[PDB]
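Okay, here we've got a single chain as structure tokens, the form deposited in one PDB entry, with questions on binding and movement later.
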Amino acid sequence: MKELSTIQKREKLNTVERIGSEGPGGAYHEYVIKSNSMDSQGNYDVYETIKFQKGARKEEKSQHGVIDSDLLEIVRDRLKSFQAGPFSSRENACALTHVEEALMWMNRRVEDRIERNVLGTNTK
């Protein structure tokens, strides 16, 4: 099936699906976020598509798109705003630290690929 088996199991607001097939590196590069709610005519209230950068930078015929760290930075900024507001919680605090530490580890991979001169190539 195309639907992602998410960690949240109950009272999910939206459904996330993979679109297409596996591409470079064995990963899908197109995802759909659709709401579980419908309008008055039975169509999705939300139906958004996220297109990832398919093909590394230096490899030819690559297609420009969003990168994974961009999505985490949005989530990082959202959690920081909620923690600064009136509806803060310890759950937000732990999730924020993990998002930032995940963002750091993705930066570590970026810098490591700059040291080995492999950034933007189909290498390990």
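Note that the rigid core is defined as the largest set of C-alphas that superpose within 1.5 Å between two forms. Counting begins at 1, following the sequence as shown.
**Q** Should the higher mean CA B-factor in the entry be assigned to 112 to 120 or to 7 to 15?
**A** Averaging CA B-factors over each stretch, the winner is 112 to 120.
**Q** Quick one: say whether 88 to 96 or 54 to 62 has the higher mean Cα B-factor in the deposited entry.
**A** Per the PDB record, 54 to 62.
**Q** Going by what the PDB entry lists, where does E73 fall on CA B-factor within its chain: lowest, middle or highest third?
**A** CA B-factor rank for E73: lowest third.
**Q** So where's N36 on the chain's Cα temperature factor ranking, which third?
**A** It belongs to the middle third of the chain when residues are ordered by C-alpha B-factor.
There is another form of the same protein, the form deposited in another entry; it is not shown, and what comes next is about it.
**Q** Which single residue of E59, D68, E91, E48, after superposing the core, moves its CA by 2 Å or more between the shown form and the other one?
**A** The one that shifts is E59.
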